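Before any comments, here is the structure.
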Amino acid sequence: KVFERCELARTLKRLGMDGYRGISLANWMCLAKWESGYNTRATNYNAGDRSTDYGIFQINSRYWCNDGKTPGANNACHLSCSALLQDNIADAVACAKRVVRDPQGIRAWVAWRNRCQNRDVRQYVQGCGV
């Protein structure tokens, strides 16, 4: 599913993402936007290390979900990577929260550093009623 901007902003808010571990909803929007274009089916194979990024947040198989084909990988969210390809984002949100409970927080995603950190992210939630 490819979410519309405000549709996702409200979906994330209902799932408890607004200010989770100090991360505003607009940051989460900027992350999903740049990671997948708000697309839950998004996937990116990393030929260099044999891992794959899954879903709207592009969570990597090396550490967060199990896909059975990533060498010496871990499954910190204890989910099948398939769970991150659902139209319903509940599991992806639970896993996104898991990622940020780690030291780096939102900085875990290099795309967030590249396109969201120290930027005006207000535009992502403007007019969404969140």
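Residue numbers start at 1 in each chain; chains themselves are named A, B, ... in the order of the structure tokens; ligands are numbered from 1 in the order shown.
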
With only C-alpha atoms as the counted atoms, please give the residues lying no more than 9 Å from residue 38 of chain A, apart from itself and same-chain residues fewer than 6 positions off, as a ChimeraX atom specification. /A:1-5,8,29,32,55-57

From a backbone DSSP assignment, name each residue in chain A labelled helix (DSSP H, G or I), as a ChimeraX atom specification. /A:5-14,25-36,81-85,90-100,105-108,110-115,122-124

Would you mind exporting N, CA and C atoms of the selected residues as a short mmCIF file (atom, residue, chain, number, x, y, z; two decimals), in the first residue's frame?
data_model
loop_
_atom_site.label_atom_id
_atom_site.label_comp_id
_atom_site.auth_asym_id
_atom_site.auth_seq_id
_atom_site.Cartn_x
_atom_site.Cartn_y
_atom_site.Cartn_z
N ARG A 5 0.12 11.17 2.32
CA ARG A 5 0.76 11.88 3.44
C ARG A 5 -0.03 11.98 4.76
N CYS A 6 -1.12 12.74 4.76
CA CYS A 6 -1.91 12.92 5.97
C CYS A 6 -2.54 11.64 6.49
N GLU A 7 -2.87 10.71 5.58
CA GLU A 7 -3.44 9.41 5.93
C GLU A 7 -2.42 8.69 6.83
N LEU A 8 -1.16 8.70 6.42
CA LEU A 8 -0.13 8.07 7.22
C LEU A 8 0.14 8.80 8.54
N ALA A 9 0.13 10.14 8.50
CA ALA A 9 0.40 10.94 9.70
C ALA A 9 -0.58 10.58 10.79
N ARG A 10 -1.85 10.46 10.43
CA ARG A 10 -2.85 10.06 11.42
C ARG A 10 -2.70 8.58 11.81
N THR A 11 -2.35 7.73 10.84
CA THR A 11 -2.18 6.31 11.13
C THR A 11 -1.05 6.15 12.16
N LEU A 12 0.05 6.86 11.96
CA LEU A 12 1.18 6.78 12.88
C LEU A 12 0.81 7.33 14.27
N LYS A 13 0.07 8.43 14.29
CA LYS A 13 -0.33 9.01 15.56
C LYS A 13 -1.15 8.00 16.37
N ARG A 14 -2.13 7.36 15.73
CA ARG A 14 -2.96 6.37 16.42
C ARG A 14 -2.16 5.19 16.97
N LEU A 25 6.23 13.21 15.29
CA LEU A 25 5.55 12.60 14.18
C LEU A 25 6.13 13.09 12.85
N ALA A 26 6.51 14.37 12.77
CA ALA A 26 7.07 14.92 11.53
C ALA A 26 8.40 14.27 11.15
N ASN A 27 9.17 13.84 12.14
CA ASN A 27 10.43 13.16 11.86
C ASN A 27 10.13 11.78 11.26
N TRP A 28 9.15 11.09 11.85
CA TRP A 28 8.75 9.77 11.38
C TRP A 28 8.25 9.87 9.94
N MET A 29 7.50 10.94 9.63
CA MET A 29 6.98 11.16 8.29
C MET A 29 8.13 11.39 7.30
N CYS A 30 9.10 12.20 7.71
CA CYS A 30 10.25 12.49 6.87
C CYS A 30 11.06 11.20 6.62
N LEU A 31 11.06 10.30 7.60
CA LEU A 31 11.77 9.03 7.46
C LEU A 31 11.07 8.13 6.43
N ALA A 32 9.77 7.90 6.62
CA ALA A 32 9.00 7.05 5.71
C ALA A 32 9.01 7.60 4.29
N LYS A 33 8.91 8.92 4.18
CA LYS A 33 8.92 9.60 2.89
C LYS A 33 10.20 9.27 2.14
N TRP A 34 11.33 9.59 2.75
CA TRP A 34 12.61 9.33 2.11
C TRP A 34 13.03 7.85 2.01
N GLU A 35 12.57 7.01 2.93
CA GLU A 35 12.92 5.60 2.88
C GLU A 35 12.17 4.80 1.81
N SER A 36 10.87 5.06 1.66
CA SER A 36 10.04 4.29 0.72
C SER A 36 8.97 5.03 -0.09
N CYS A 81 10.42 -10.98 8.19
CA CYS A 81 10.52 -9.77 7.41
C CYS A 81 9.23 -9.57 6.62
N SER A 82 8.52 -10.66 6.36
CA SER A 82 7.25 -10.61 5.64
C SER A 82 6.26 -9.68 6.38
N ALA A 83 6.34 -9.67 7.71
CA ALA A 83 5.45 -8.86 8.54
C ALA A 83 5.61 -7.37 8.27
N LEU A 84 6.75 -6.99 7.67
CA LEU A 84 7.06 -5.60 7.32
C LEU A 84 6.63 -5.25 5.90
N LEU A 85 5.86 -6.13 5.27
CA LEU A 85 5.39 -5.89 3.91
C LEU A 85 3.87 -5.88 3.85
N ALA A 90 1.09 -1.83 11.72
CA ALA A 90 1.27 -2.08 13.15
C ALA A 90 2.60 -2.76 13.49
N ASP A 91 2.91 -3.87 12.83
CA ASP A 91 4.16 -4.58 13.10
C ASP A 91 5.41 -3.76 12.74
N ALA A 92 5.35 -3.04 11.63
CA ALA A 92 6.48 -2.22 11.20
C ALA A 92 6.73 -1.09 12.21
N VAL A 93 5.64 -0.58 12.78
CA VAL A 93 5.71 0.48 13.77
C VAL A 93 6.30 -0.07 15.07
N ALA A 94 5.91 -1.29 15.44
CA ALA A 94 6.44 -1.92 16.65
C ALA A 94 7.93 -2.16 16.49
N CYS A 95 8.34 -2.53 15.28
CA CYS A 95 9.74 -2.77 15.00
C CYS A 95 10.50 -1.43 14.90
N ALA A 96 9.88 -0.40 14.33
CA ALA A 96 10.50 0.93 14.23
C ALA A 96 10.76 1.46 15.64
N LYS A 97 9.84 1.16 16.56
CA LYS A 97 9.99 1.58 17.94
C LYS A 97 11.15 0.80 18.55
N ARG A 98 11.24 -0.49 18.21
CA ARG A 98 12.33 -1.33 18.71
C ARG A 98 13.70 -0.76 18.29
N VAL A 99 13.82 -0.38 17.03
CA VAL A 99 15.05 0.18 16.51
C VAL A 99 15.47 1.40 17.33
N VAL A 100 14.54 2.33 17.54
CA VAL A 100 14.87 3.56 18.27
C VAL A 100 15.10 3.43 19.78
N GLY A 105 18.87 5.87 18.39
CA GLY A 105 17.55 6.46 18.23
C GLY A 105 17.24 6.57 16.74
N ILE A 106 16.60 7.66 16.32
CA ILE A 106 16.22 7.85 14.92
C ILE A 106 17.43 7.90 13.95
N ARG A 107 18.60 8.17 14.51
CA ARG A 107 19.84 8.25 13.73
C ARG A 107 20.26 6.91 13.10
N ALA A 108 19.59 5.83 13.49
CA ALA A 108 19.86 4.49 12.97
C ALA A 108 19.74 4.49 11.46
N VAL A 110 20.33 6.09 8.07
CA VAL A 110 21.19 7.08 7.43
C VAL A 110 20.39 8.07 6.59
N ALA A 111 19.28 7.63 6.00
CA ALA A 111 18.44 8.54 5.20
C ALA A 111 17.87 9.66 6.08
N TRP A 112 17.54 9.35 7.33
CA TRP A 112 17.02 10.39 8.22
C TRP A 112 18.12 11.45 8.44
N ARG A 113 19.36 11.00 8.66
CA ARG A 113 20.48 11.94 8.85
C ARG A 113 20.66 12.80 7.59
N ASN A 114 20.62 12.15 6.43
CA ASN A 114 20.79 12.85 5.16
C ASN A 114 19.71 13.86 4.83
N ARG A 115 18.45 13.50 5.05
CA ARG A 115 17.33 14.35 4.64
C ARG A 115 16.35 14.90 5.67
N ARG A 122 8.46 20.36 9.41
CA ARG A 122 7.07 20.75 9.70
C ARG A 122 6.12 20.49 8.55
N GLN A 123 6.61 20.69 7.33
CA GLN A 123 5.81 20.49 6.12
C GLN A 123 5.18 19.11 5.98
N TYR A 124 5.77 18.11 6.62
CA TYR A 124 5.25 16.75 6.51
C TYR A 124 3.92 16.47 7.19
#

Between A:109, A:88, A:49, A:103, single out the one closest to residue 70 of chain A, counting only C-alpha atoms. A:49

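Residues lying within 9 Å of residue 71 of chain A, counting only C-alpha atoms and ignoring same-chain neighbours fewer than 5 positions away, are residues 49, 50, 51 and 62 of chain A.
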
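For the residues A:118, A:61, A:126, A:52, ranking by smallest atom-to-atom distance to residue 77 of chain A using only C-alpha atoms places A:61 first.
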
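With distances restricted to only C-alpha atoms, A:21 is the closest residue to residue 104 of chain A from A:21, A:58, A:69, A:45.
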
Atom-to-atom span, atom CA of residue 116 of chain A and atom CA of residue 39 of chain A, Å: 18.1 Å

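As for atom CA of residue 54 of chain A and atom CA of residue 42 of chain A, they are spaced 6.1 Å apart.
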
Considering only strand (DSSP E) as DSSP defines it on the backbone, what residues of chain A qualify? List them as JSON, numbers by chain. {"A": [43, 44, 45, 46, 51, 52, 53, 54, 59, 60]}
